[PDB]
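Trainee: My structure file input32.cif, mmCIF, C-alpha atoms and all ligand atoms, is below:
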```cif
data_target
loop_
_atom_site.group_PDB
_atom_site.id
_atom_site.type_symbol
_atom_site.label_atom_id
_atom_site.label_comp_id
_atom_site.auth_asym_id
_atom_site.auth_seq_id
_atom_site.Cartn_x
_atom_site.Cartn_y
_atom_site.Cartn_z
ATOM 1 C CA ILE A 1 0.000 0.000 0.000
ATOM 2 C CA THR A 2 0.941 3.675 -0.336
ATOM 3 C CA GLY A 3 2.075 5.339 2.876
ATOM 4 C CA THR A 4 4.853 6.777 5.021
ATOM 5 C CA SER A 5 7.906 4.651 5.816
ATOM 6 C CA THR A 6 8.612 4.282 9.522
ATOM 7 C CA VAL A 7 10.150 1.951 12.098
ATOM 8 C CA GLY A 8 8.301 -0.182 14.613
ATOM 9 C CA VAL A 9 9.463 -2.430 17.432
ATOM 10 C CA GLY A 10 8.529 -5.947 18.449
ATOM 11 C CA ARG A 11 9.583 -9.302 19.876
ATOM 12 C CA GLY A 12 10.417 -12.363 17.819
ATOM 13 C CA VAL A 13 9.643 -16.042 18.350
ATOM 14 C CA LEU A 14 12.605 -16.495 20.694
ATOM 15 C CA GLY A 15 11.589 -13.452 22.736
ATOM 16 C CA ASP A 16 14.279 -11.118 21.411
ATOM 17 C CA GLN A 17 13.452 -7.475 20.727
ATOM 18 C CA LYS A 18 14.144 -5.986 17.301
ATOM 19 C CA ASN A 19 13.228 -3.015 15.136
ATOM 20 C CA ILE A 20 11.320 -3.617 11.910
ATOM 21 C CA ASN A 21 10.575 -1.438 8.884
ATOM 22 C CA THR A 22 6.878 -0.671 8.490
ATOM 23 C CA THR A 23 4.564 1.572 6.457
ATOM 24 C CA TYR A 24 1.974 3.930 7.910
ATOM 25 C CA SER A 25 -1.410 4.568 6.294
ATOM 26 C CA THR A 26 -4.166 4.596 8.935
ATOM 27 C CA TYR A 27 -2.680 1.331 10.208
ATOM 28 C CA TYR A 28 0.985 0.346 10.442
ATOM 29 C CA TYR A 29 1.689 -2.436 7.933
ATOM 30 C CA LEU A 30 4.519 -4.939 7.724
ATOM 31 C CA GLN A 31 5.773 -3.434 4.489
ATOM 32 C CA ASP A 32 9.465 -2.575 4.269
ATOM 33 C CA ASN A 33 10.085 0.006 1.533
ATOM 34 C CA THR A 34 13.826 0.263 2.186
ATOM 35 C CA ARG A 35 14.722 -2.920 0.306
ATOM 36 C CA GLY A 36 14.152 -3.256 -3.433
ATOM 37 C CA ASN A 37 10.499 -3.233 -4.452
ATOM 38 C CA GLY A 38 9.669 -4.063 -0.853
ATOM 39 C CA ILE A 39 9.261 -6.849 1.678
ATOM 40 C CA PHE A 40 5.669 -7.720 2.571
ATOM 41 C CA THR A 41 4.482 -9.967 5.392
ATOM 42 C CA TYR A 42 0.950 -11.401 5.489
ATOM 43 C CA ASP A 43 -1.341 -13.041 8.043
ATOM 44 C CA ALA A 44 -2.761 -16.356 6.755
ATOM 45 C CA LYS A 45 -5.001 -16.530 9.860
ATOM 46 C CA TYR A 46 -4.600 -20.303 10.335
ATOM 47 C CA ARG A 47 -6.076 -20.920 6.860
ATOM 48 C CA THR A 48 -4.401 -22.295 3.725
ATOM 49 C CA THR A 49 -5.551 -19.535 1.379
ATOM 50 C CA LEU A 50 -2.583 -17.446 0.218
ATOM 51 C CA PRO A 51 -1.215 -14.912 0.698
ATOM 52 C CA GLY A 52 -3.832 -13.811 3.205
ATOM 53 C CA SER A 53 -4.030 -10.207 4.417
ATOM 54 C CA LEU A 54 -1.115 -7.756 4.553
ATOM 55 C CA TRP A 55 -0.214 -7.532 8.241
ATOM 56 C CA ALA A 56 -1.842 -4.488 9.845
ATOM 57 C CA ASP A 57 -1.180 -3.215 13.371
ATOM 58 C CA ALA A 58 -2.755 -0.256 15.179
ATOM 59 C CA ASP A 59 0.216 1.106 17.155
ATOM 60 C CA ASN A 60 3.453 -0.020 15.439
ATOM 61 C CA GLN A 61 4.348 -2.135 18.490
ATOM 62 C CA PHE A 62 4.491 -5.901 17.951
ATOM 63 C CA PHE A 63 4.791 -7.547 21.369
ATOM 64 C CA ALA A 64 1.759 -9.868 21.240
ATOM 65 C CA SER A 65 2.429 -13.604 21.041
ATOM 66 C CA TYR A 66 0.421 -13.680 17.799
ATOM 67 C CA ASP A 67 2.823 -11.078 16.333
ATOM 68 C CA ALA A 68 6.061 -13.018 16.957
ATOM 69 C CA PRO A 69 6.158 -15.148 13.764
ATOM 70 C CA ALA A 70 5.410 -12.085 11.629
ATOM 71 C CA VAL A 71 8.145 -10.023 13.272
ATOM 72 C CA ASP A 72 10.790 -12.654 12.518
ATOM 73 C CA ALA A 73 9.584 -13.489 8.999
ATOM 74 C CA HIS A 74 9.682 -9.787 8.156
ATOM 75 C CA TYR A 75 13.018 -9.116 9.842
ATOM 76 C CA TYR A 76 14.925 -12.169 8.600
ATOM 77 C CA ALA A 77 13.689 -11.695 5.039
ATOM 78 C CA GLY A 78 15.359 -8.296 5.295
ATOM 79 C CA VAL A 79 18.620 -9.751 6.604
ATOM 80 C CA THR A 80 18.668 -12.301 3.790
ATOM 81 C CA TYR A 81 18.052 -9.550 1.220
ATOM 82 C CA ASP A 82 20.982 -7.622 2.718
ATOM 83 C CA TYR A 83 23.238 -10.670 2.500
ATOM 84 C CA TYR A 84 22.635 -11.229 -1.207
ATOM 85 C CA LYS A 85 22.949 -7.528 -2.004
ATOM 86 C CA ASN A 86 26.056 -6.773 0.066
ATOM 87 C CA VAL A 87 27.967 -10.026 -0.417
ATOM 88 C CA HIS A 88 26.977 -11.155 -3.922
ATOM 89 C CA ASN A 89 25.710 -7.924 -5.482
ATOM 90 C CA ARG A 90 22.368 -9.572 -6.210
ATOM 91 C CA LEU A 91 19.196 -7.480 -5.948
ATOM 92 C CA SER A 92 16.494 -9.728 -4.468
ATOM 93 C CA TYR A 93 15.895 -13.279 -5.704
ATOM 94 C CA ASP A 94 15.372 -12.415 -9.376
ATOM 95 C CA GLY A 95 18.264 -9.965 -9.545
ATOM 96 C CA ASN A 96 15.886 -7.115 -10.342
ATOM 97 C CA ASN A 97 14.568 -6.278 -6.859
ATOM 98 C CA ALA A 98 11.410 -8.387 -7.010
ATOM 99 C CA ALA A 99 9.115 -7.844 -4.017
ATOM 100 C CA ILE A 100 9.565 -10.461 -1.294
ATOM 101 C CA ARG A 101 6.372 -11.839 0.246
ATOM 102 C CA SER A 102 5.888 -14.098 3.272
ATOM 103 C CA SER A 103 2.767 -15.453 4.969
ATOM 104 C CA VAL A 104 2.765 -16.647 8.588
ATOM 105 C CA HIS A 105 0.206 -18.549 10.684
ATOM 106 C CA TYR A 106 -0.343 -20.889 7.740
ATOM 107 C CA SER A 107 -2.817 -23.670 8.620
ATOM 108 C CA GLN A 108 -2.978 -25.142 12.153
ATOM 109 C CA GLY A 109 -0.081 -26.822 13.942
ATOM 110 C CA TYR A 110 1.744 -26.963 10.612
ATOM 111 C CA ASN A 111 5.331 -28.218 10.951
ATOM 112 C CA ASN A 112 6.676 -26.880 7.675
ATOM 113 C CA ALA A 113 7.889 -23.805 5.827
ATOM 114 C CA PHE A 114 8.205 -23.604 2.054
ATOM 115 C CA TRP A 115 8.528 -21.528 -1.119
ATOM 116 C CA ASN A 116 5.446 -22.055 -3.308
ATOM 117 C CA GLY A 117 6.962 -20.599 -6.469
ATOM 118 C CA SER A 118 5.758 -17.081 -5.690
ATOM 119 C CA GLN A 119 6.239 -16.528 -1.949
ATOM 120 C CA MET A 120 7.450 -17.968 1.353
ATOM 121 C CA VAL A 121 5.011 -19.690 3.725
ATOM 122 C CA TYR A 122 5.516 -20.459 7.435
ATOM 123 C CA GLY A 123 3.584 -22.766 9.725
ATOM 124 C CA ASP A 124 3.392 -22.237 13.501
ATOM 125 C CA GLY A 125 4.518 -25.769 14.291
ATOM 126 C CA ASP A 126 2.723 -28.086 16.718
ATOM 127 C CA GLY A 127 4.657 -26.771 19.710
ATOM 128 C CA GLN A 128 6.366 -30.137 20.175
ATOM 129 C CA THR A 129 8.331 -30.853 17.012
ATOM 130 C CA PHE A 130 8.546 -27.204 15.951
ATOM 131 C CA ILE A 131 7.734 -23.702 17.195
ATOM 132 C CA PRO A 132 6.949 -20.987 14.563
ATOM 133 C CA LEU A 133 9.391 -21.766 11.741
ATOM 134 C CA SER A 134 10.135 -18.126 10.889
ATOM 135 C CA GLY A 135 12.037 -17.985 14.180
ATOM 136 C CA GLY A 136 15.006 -19.674 12.558
ATOM 137 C CA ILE A 137 17.165 -17.438 10.400
ATOM 138 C CA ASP A 138 18.641 -20.443 8.595
ATOM 139 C CA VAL A 139 15.097 -21.619 7.778
ATOM 140 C CA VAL A 140 14.081 -18.234 6.320
ATOM 141 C CA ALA A 141 17.311 -17.994 4.313
ATOM 142 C CA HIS A 142 16.875 -21.611 3.184
ATOM 143 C CA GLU A 143 13.456 -20.730 1.770
ATOM 144 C CA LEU A 144 14.453 -17.467 0.071
ATOM 145 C CA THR A 145 17.390 -19.278 -1.506
ATOM 146 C CA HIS A 146 14.947 -21.667 -3.219
ATOM 147 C CA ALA A 147 13.627 -18.552 -4.973
ATOM 148 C CA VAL A 148 17.153 -17.602 -6.035
ATOM 149 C CA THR A 149 17.744 -21.102 -7.386
ATOM 150 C CA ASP A 150 14.444 -21.046 -9.303
ATOM 151 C CA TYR A 151 15.507 -17.862 -11.103
ATOM 152 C CA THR A 152 19.023 -19.051 -11.854
ATOM 153 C CA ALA A 153 20.063 -22.700 -12.212
ATOM 154 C CA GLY A 154 16.453 -23.898 -12.024
ATOM 155 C CA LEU A 155 17.447 -27.262 -10.542
ATOM 156 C CA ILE A 156 14.557 -29.722 -10.910
ATOM 157 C CA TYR A 157 13.264 -30.836 -7.496
ATOM 158 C CA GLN A 158 13.929 -34.539 -7.956
ATOM 159 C CA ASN A 159 16.771 -37.038 -7.527
ATOM 160 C CA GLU A 160 20.311 -35.642 -7.683
ATOM 161 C CA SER A 161 19.370 -32.241 -9.095
ATOM 162 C CA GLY A 162 16.860 -31.888 -6.269
ATOM 163 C CA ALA A 163 19.446 -32.850 -3.663
ATOM 164 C CA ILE A 164 21.720 -30.114 -5.027
ATOM 165 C CA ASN A 165 18.800 -27.678 -4.885
ATOM 166 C CA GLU A 166 18.324 -28.592 -1.209
ATOM 167 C CA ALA A 167 22.027 -28.384 -0.338
ATOM 168 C CA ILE A 168 22.289 -24.921 -1.909
ATOM 169 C CA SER A 169 19.476 -23.736 0.355
ATOM 170 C CA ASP A 170 21.143 -25.270 3.433
ATOM 171 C CA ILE A 171 24.530 -23.828 2.467
ATOM 172 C CA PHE A 172 23.318 -20.272 1.971
ATOM 173 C CA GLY A 173 20.906 -20.593 4.871
ATOM 174 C CA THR A 174 23.958 -21.270 7.024
ATOM 175 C CA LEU A 175 26.057 -18.519 5.440
ATOM 176 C CA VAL A 176 23.284 -16.016 6.179
ATOM 177 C CA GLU A 177 23.179 -17.269 9.776
ATOM 178 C CA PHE A 178 26.910 -16.497 10.008
ATOM 179 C CA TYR A 179 26.402 -13.145 8.276
ATOM 180 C CA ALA A 180 23.892 -12.092 10.942
ATOM 181 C CA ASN A 181 26.191 -13.524 13.618
ATOM 182 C CA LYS A 182 23.188 -15.028 15.422
ATOM 183 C CA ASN A 183 24.733 -17.931 17.377
ATOM 184 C CA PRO A 184 26.063 -19.347 14.068
ATOM 185 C CA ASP A 185 26.700 -23.048 13.508
ATOM 186 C CA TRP A 186 26.637 -25.688 10.777
ATOM 187 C CA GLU A 187 23.338 -27.203 11.923
ATOM 188 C CA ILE A 188 19.957 -26.618 10.275
ATOM 189 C CA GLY A 189 16.861 -25.400 12.120
ATOM 190 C CA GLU A 190 18.241 -25.735 15.634
ATOM 191 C CA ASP A 191 16.458 -22.592 16.867
ATOM 192 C CA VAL A 192 12.928 -23.807 16.127
ATOM 193 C CA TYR A 193 13.286 -27.587 16.343
ATOM 194 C CA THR A 194 12.111 -29.596 19.384
ATOM 195 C CA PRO A 195 11.878 -26.836 22.014
ATOM 196 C CA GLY A 196 11.848 -29.574 24.648
ATOM 197 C CA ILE A 197 15.237 -30.929 23.567
ATOM 198 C CA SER A 198 18.449 -28.901 23.551
ATOM 199 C CA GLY A 199 21.451 -29.435 21.302
ATOM 200 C CA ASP A 200 19.687 -31.085 18.361
ATOM 201 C CA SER A 201 18.565 -29.969 14.899
ATOM 202 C CA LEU A 202 16.792 -31.211 11.782
ATOM 203 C CA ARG A 203 19.957 -31.684 9.724
ATOM 204 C CA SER A 204 23.691 -31.331 10.293
ATOM 205 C CA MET A 205 26.174 -30.121 7.674
ATOM 206 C CA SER A 206 29.217 -30.905 9.823
ATOM 207 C CA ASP A 207 28.076 -34.489 10.416
ATOM 208 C CA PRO A 208 24.967 -35.461 8.383
ATOM 209 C CA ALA A 209 25.193 -39.042 9.676
ATOM 210 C CA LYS A 210 24.268 -37.805 13.149
ATOM 211 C CA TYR A 211 20.652 -37.799 11.973
ATOM 212 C CA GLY A 212 20.913 -40.713 9.570
ATOM 213 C CA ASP A 213 21.710 -38.753 6.417
ATOM 214 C CA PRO A 214 24.485 -39.954 4.054
ATOM 215 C CA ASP A 215 27.934 -38.354 4.196
ATOM 216 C CA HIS A 216 29.387 -40.288 1.258
ATOM 217 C CA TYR A 217 28.124 -41.026 -2.262
ATOM 218 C CA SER A 218 28.310 -44.768 -1.590
ATOM 219 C CA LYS A 219 25.571 -44.324 1.017
ATOM 220 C CA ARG A 220 23.188 -42.347 -1.195
ATOM 221 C CA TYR A 221 19.470 -43.099 -1.067
ATOM 222 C CA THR A 222 18.158 -44.581 -4.313
ATOM 223 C CA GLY A 223 14.482 -44.935 -3.403
ATOM 224 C CA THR A 224 11.450 -42.909 -4.475
ATOM 225 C CA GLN A 225 10.455 -41.293 -1.179
ATOM 226 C CA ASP A 226 11.048 -37.570 -0.666
ATOM 227 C CA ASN A 227 11.225 -37.014 -4.437
ATOM 228 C CA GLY A 228 14.198 -39.342 -4.676
ATOM 229 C CA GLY A 229 15.688 -38.307 -1.338
ATOM 230 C CA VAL A 230 16.220 -34.589 -1.931
ATOM 231 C CA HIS A 231 16.399 -33.853 1.815
ATOM 232 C CA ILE A 232 18.452 -36.995 2.414
ATOM 233 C CA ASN A 233 21.142 -36.976 -0.276
ATOM 234 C CA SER A 234 21.696 -33.263 0.280
ATOM 235 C CA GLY A 235 23.824 -34.435 3.196
ATOM 236 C CA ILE A 236 26.513 -35.571 0.761
ATOM 237 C CA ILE A 237 26.823 -32.085 -0.707
ATOM 238 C CA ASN A 238 26.390 -30.351 2.661
ATOM 239 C CA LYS A 239 29.334 -32.357 4.009
ATOM 240 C CA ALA A 240 31.441 -31.387 0.992
ATOM 241 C CA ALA A 241 30.626 -27.709 1.539
ATOM 242 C CA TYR A 242 31.471 -27.966 5.241
ATOM 243 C CA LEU A 243 34.840 -29.530 4.385
ATOM 244 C CA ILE A 244 35.659 -26.882 1.781
ATOM 245 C CA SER A 245 35.081 -24.176 4.383
ATOM 246 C CA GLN A 246 36.313 -25.742 7.626
ATOM 247 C CA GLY A 247 38.584 -28.516 6.401
ATOM 248 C CA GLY A 248 39.152 -31.899 7.994
ATOM 249 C CA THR A 249 39.795 -35.541 7.168
ATOM 250 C CA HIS A 250 36.786 -37.546 6.011
ATOM 251 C CA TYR A 251 37.028 -41.244 5.133
ATOM 252 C CA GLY A 252 40.804 -40.909 5.028
ATOM 253 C CA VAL A 253 40.841 -37.924 2.670
ATOM 254 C CA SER A 254 42.309 -34.679 4.025
ATOM 255 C CA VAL A 255 40.924 -31.278 3.047
ATOM 256 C CA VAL A 256 42.469 -27.879 3.783
ATOM 257 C CA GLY A 257 39.685 -25.427 4.627
ATOM 258 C CA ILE A 258 39.516 -22.112 2.755
ATOM 259 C CA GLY A 259 36.853 -20.335 4.817
ATOM 260 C CA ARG A 260 33.174 -19.387 4.577
ATOM 261 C CA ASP A 261 33.600 -16.321 2.366
ATOM 262 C CA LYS A 262 35.340 -18.259 -0.389
ATOM 263 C CA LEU A 263 32.860 -21.132 -0.045
ATOM 264 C CA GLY A 264 30.061 -18.655 -0.699
ATOM 265 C CA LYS A 265 31.804 -17.076 -3.679
ATOM 266 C CA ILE A 266 32.530 -20.447 -5.285
ATOM 267 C CA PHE A 267 29.023 -21.831 -4.844
ATOM 268 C CA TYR A 268 27.265 -18.612 -5.841
ATOM 269 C CA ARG A 269 29.244 -18.543 -9.085
ATOM 270 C CA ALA A 270 28.525 -22.209 -9.754
ATOM 271 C CA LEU A 271 24.825 -21.609 -9.119
ATOM 272 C CA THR A 272 24.523 -18.526 -11.322
ATOM 273 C CA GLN A 273 26.907 -19.417 -14.164
ATOM 274 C CA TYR A 274 27.345 -23.170 -14.581
ATOM 275 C CA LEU A 275 24.509 -25.218 -13.096
ATOM 276 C CA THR A 276 21.452 -26.159 -15.159
ATOM 277 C CA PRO A 277 18.038 -27.711 -14.372
ATOM 278 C CA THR A 278 19.320 -31.288 -14.741
ATOM 279 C CA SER A 279 22.793 -31.016 -13.193
ATOM 280 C CA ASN A 280 23.845 -34.049 -11.149
ATOM 281 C CA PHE A 281 26.488 -34.392 -8.412
ATOM 282 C CA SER A 282 29.315 -35.055 -10.866
ATOM 283 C CA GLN A 283 28.367 -31.928 -12.802
ATOM 284 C CA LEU A 284 28.225 -29.922 -9.574
ATOM 285 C CA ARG A 285 31.815 -30.948 -8.874
ATOM 286 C CA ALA A 286 32.836 -29.775 -12.347
ATOM 287 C CA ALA A 287 30.949 -26.508 -11.863
ATOM 288 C CA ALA A 288 32.536 -25.873 -8.456
ATOM 289 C CA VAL A 289 36.030 -26.600 -9.758
ATOM 290 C CA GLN A 290 35.522 -24.308 -12.750
ATOM 291 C CA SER A 291 34.177 -21.549 -10.493
ATOM 292 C CA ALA A 292 37.152 -21.771 -8.144
ATOM 293 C CA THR A 293 39.408 -21.759 -11.211
ATOM 294 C CA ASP A 294 37.769 -18.589 -12.555
ATOM 295 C CA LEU A 295 38.183 -16.850 -9.211
ATOM 296 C CA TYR A 296 41.535 -18.073 -7.898
ATOM 297 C CA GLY A 297 43.427 -19.789 -10.709
ATOM 298 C CA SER A 298 43.856 -23.411 -11.770
ATOM 299 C CA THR A 299 46.865 -23.985 -9.488
ATOM 300 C CA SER A 300 45.378 -22.326 -6.411
ATOM 301 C CA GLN A 301 44.831 -23.849 -2.975
ATOM 302 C CA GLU A 302 41.138 -23.050 -3.433
ATOM 303 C CA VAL A 303 40.781 -25.308 -6.472
ATOM 304 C CA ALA A 304 42.767 -28.020 -4.700
ATOM 305 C CA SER A 305 40.447 -27.931 -1.673
ATOM 306 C CA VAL A 306 37.322 -28.170 -3.819
ATOM 307 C CA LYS A 307 38.683 -31.297 -5.512
ATOM 308 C CA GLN A 308 39.687 -32.844 -2.178
ATOM 309 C CA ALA A 309 36.284 -32.163 -0.621
ATOM 310 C CA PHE A 310 34.408 -33.897 -3.418
ATOM 311 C CA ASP A 311 36.903 -36.789 -3.388
ATOM 312 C CA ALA A 312 36.232 -37.140 0.340
ATOM 313 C CA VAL A 313 32.492 -37.611 -0.197
ATOM 314 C CA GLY A 314 32.998 -39.909 -3.176
ATOM 315 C CA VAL A 315 31.797 -37.601 -5.946
ATOM 316 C CA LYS A 316 33.852 -37.999 -9.122
HETATM 317 CA CA CA B 1 0.414 -3.597 18.135
HETATM 318 CA CA CA B 2 22.471 -21.236 15.268
HETATM 319 CA CA CA B 3 21.840 -23.158 12.045
HETATM 320 CA CA CA B 4 15.613 -28.783 20.037
HETATM 321 ZN ZN ZN B 5 14.323 -26.752 0.867
#
```
Before we go any further, please render this structure as structure tokens.

Mentor:
Amino acid sequence: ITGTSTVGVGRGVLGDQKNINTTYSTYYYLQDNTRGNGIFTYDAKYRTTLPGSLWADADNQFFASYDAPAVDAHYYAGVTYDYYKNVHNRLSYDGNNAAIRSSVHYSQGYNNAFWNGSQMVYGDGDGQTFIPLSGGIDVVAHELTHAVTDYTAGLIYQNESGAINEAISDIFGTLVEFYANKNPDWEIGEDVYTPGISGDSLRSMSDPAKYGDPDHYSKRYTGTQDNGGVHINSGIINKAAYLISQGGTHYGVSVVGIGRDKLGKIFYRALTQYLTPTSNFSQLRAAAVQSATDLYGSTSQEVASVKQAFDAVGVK
């Protein structure tokens, strides 16, 4: 809507206070005009009809429990936009400042968050397995990254290409978590997963096997569930990414880490310049090696580490 840009204050899912960009026109709306064509957050009101109604508030103060998921979805979408703009010089997910839209309070006791091809959607969780999903910055970044992938490589959401699609979202979800410096780690969804259990997460990039996911190509899932194991086989690529950044010896293969910044630069280039809709793991390796070569030279330590990481997880 048309109005005056202002700043409100509220509390997120984890109870932390933060300032959020809003728009004033009779009511204060969760519409951030400071980033691209805007960031809009909607209330789905426990229904499944999307996007719902643009979030309206009477006093620009968002401290009600019902407001929490909206505050975080709005705020973290902004942080993710900042990451892509400042680190990769990319304006929004389409590269042309497309408006970012998110809906919270989707359905009832819904334990998922997703990108539906046009916007992000967040459930409130059942309170046991998950609390409002927008409370996890890696979750929000994971979802917005699916939008970036759709507009670039376009990796089909099935089998190996789908696993790469998933890994890319976990990788950048984690890099954004580090960018915001919000208790960063290499775990996925730890902030909103099982509030009654501390120290766990949905997936682990440092050690995928901790939750039963494969950490080597020889252990890849070949079944039909989960669209050919897109959330399972992503562990193989997540482990490779972790090794490239942090280093380590996996299955007897030693990798010299090159850091998170270079990991991001290599994978962003691979994603935007070399990957295609049907790329498989072997092609991802080729794309990553070529990207590192473009950026650091064929005889660089960076290229060497990329090769070692993929060798470690069995991807030739
Ligand atoms: Ca209020
Ligand atoms: Ca964390
Ligand atoms: Ca995390
Ligand atoms: Ca937990
Ligand atoms: Zn995903």

Trainee: Around all listed atoms of stretch 184-202 of chain A, padded 5 Å per side, what centre and edge lengths does the axis-aligned box have in Å to one decimal, as AutoDock Vina command-line options?

Mentor:
```
--center_x 19.3 --center_y -25.3 --center_z 17.5 --size_x 24.9 --size_y 21.9 --size_z 24.4
```

Trainee: Could you give me, as a list in words, the residues within 8 Å of stretch 196-211 of chain A, counting only C-alpha atoms and dropping anything in the same chain fewer than 2 positions from it?

Mentor: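 Once the nearby chain positions are removed, what remains is residues 128, 186, 187, 188, 189, 190, 191, 193, 194, 213, 214, 215, 235, 236, 238, 239, 241, 242 and 243 of chain A.
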
Trainee: Include C-alpha atoms and write out the residues we just selected as an mmCIF file, in the coordinates of the input.

Mentor:
```cif
data_model
loop_
_atom_site.group_PDB
_atom_site.id
_atom_site.type_symbol
_atom_site.label_atom_id
_atom_site.label_comp_id
_atom_site.auth_asym_id
_atom_site.auth_seq_id
_atom_site.Cartn_x
_atom_site.Cartn_y
_atom_site.Cartn_z
ATOM 1 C CA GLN A 128 6.366 -30.137 20.175
ATOM 2 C CA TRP A 186 26.637 -25.688 10.777
ATOM 3 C CA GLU A 187 23.338 -27.203 11.923
ATOM 4 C CA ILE A 188 19.957 -26.618 10.275
ATOM 5 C CA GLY A 189 16.861 -25.400 12.120
ATOM 6 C CA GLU A 190 18.241 -25.735 15.634
ATOM 7 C CA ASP A 191 16.458 -22.592 16.867
ATOM 8 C CA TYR A 193 13.286 -27.587 16.343
ATOM 9 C CA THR A 194 12.111 -29.596 19.384
ATOM 10 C CA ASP A 213 21.710 -38.753 6.417
ATOM 11 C CA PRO A 214 24.485 -39.954 4.054
ATOM 12 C CA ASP A 215 27.934 -38.354 4.196
ATOM 13 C CA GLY A 235 23.824 -34.435 3.196
ATOM 14 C CA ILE A 236 26.513 -35.571 0.761
ATOM 15 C CA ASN A 238 26.390 -30.351 2.661
ATOM 16 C CA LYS A 239 29.334 -32.357 4.009
ATOM 17 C CA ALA A 241 30.626 -27.709 1.539
ATOM 18 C CA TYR A 242 31.471 -27.966 5.241
ATOM 19 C CA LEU A 243 34.840 -29.530 4.385
#
```

Trainee: Do a neighbour search on residue A:244 at 10 Å with only C-alpha atoms, toss out local chain neighbours closer than 2 positions, and write the hits as number ranges by chain.

Mentor: A: 238-242, 246-248, 255-260, 262-263, 302-310

Trainee: Quick one: residues within 6 Å of ligand CA 2 (chain B), with all atoms listed in the file, as a VMD selection string?

Mentor: chain A and resid 183 to 185

Trainee: Let me see if you get this right: every residue at most 6 Å from ligand CA 1 (chain B), counting only C-alpha atoms and all ligand atoms, written as a PyMOL selection string.

Mentor: chain A and resi 57-62

Trainee: Choose the residue, out of A:41, A:276, A:145, A:129, that has the smallest atom-to-atom separation from ligand CA 4 (chain B); count only C-alpha atoms and all ligand atoms.

Mentor: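 Using only C-alpha atoms and all ligand atoms, ligand CA 4 (chain B) sits closest to A:129.
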
Trainee: Could you list the residues chosen by the PyMOL selection byres (((chain A and resi 169) around 9) and not hetatm) in this structure as a CSV table (one decimal) with C-alpha atoms, in the coordinates of the input?

Mentor:
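Heads up, here's the output in out_9.csv:
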```csv
chain,number,residue,atom,x,y,z
A,138,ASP,CA,18.6,-20.4,8.6
A,139,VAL,CA,15.1,-21.6,7.8
A,141,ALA,CA,17.3,-18.0,4.3
A,142,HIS,CA,16.9,-21.6,3.2
A,143,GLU,CA,13.5,-20.7,1.8
A,144,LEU,CA,14.5,-17.5,0.1
A,145,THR,CA,17.4,-19.3,-1.5
A,146,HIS,CA,14.9,-21.7,-3.2
A,149,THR,CA,17.7,-21.1,-7.4
A,164,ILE,CA,21.7,-30.1,-5.0
A,165,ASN,CA,18.8,-27.7,-4.9
A,166,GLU,CA,18.3,-28.6,-1.2
A,167,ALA,CA,22.0,-28.4,-0.3
A,168,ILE,CA,22.3,-24.9,-1.9
A,170,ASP,CA,21.1,-25.3,3.4
A,171,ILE,CA,24.5,-23.8,2.5
A,172,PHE,CA,23.3,-20.3,2.0
A,173,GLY,CA,20.9,-20.6,4.9
A,174,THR,CA,24.0,-21.3,7.0
```

Trainee: Enter the distance from atom CA of residue A:32 to atom CA of residue A:18, in Å, rounded to one decimal.

Mentor: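 Going from atom CA of residue A:32 over to atom CA of residue A:18 covers 14.3 Å.
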
Trainee: Could you expand the PyMOL selection byres (((chain A and resi 107) around 10) and not hetatm) into the explicit residues it covers here, written as number ranges by chain?

Mentor: A: 44-49, 104-106, 108-111, 122-125

Trainee: Translate the PyMOL selection byres (((chain A and resi 162) around 10) and not hetatm), as applied to the file shown, into an explicit residue set as a VMD selection string.

Mentor: chain A and resid 154 to 161 163 to 168 226 to 231 233 to 234 277 to 280

Trainee: List as a list in words: which residues have an atom within 7 Å of (10.6, -16.2, 18.2), counting all atoms listed in the file?

Mentor: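 Those residues, ordered by chain and then number, are residues 12, 13, 14, 15, 68, 69, 72 and 135 of chain A.
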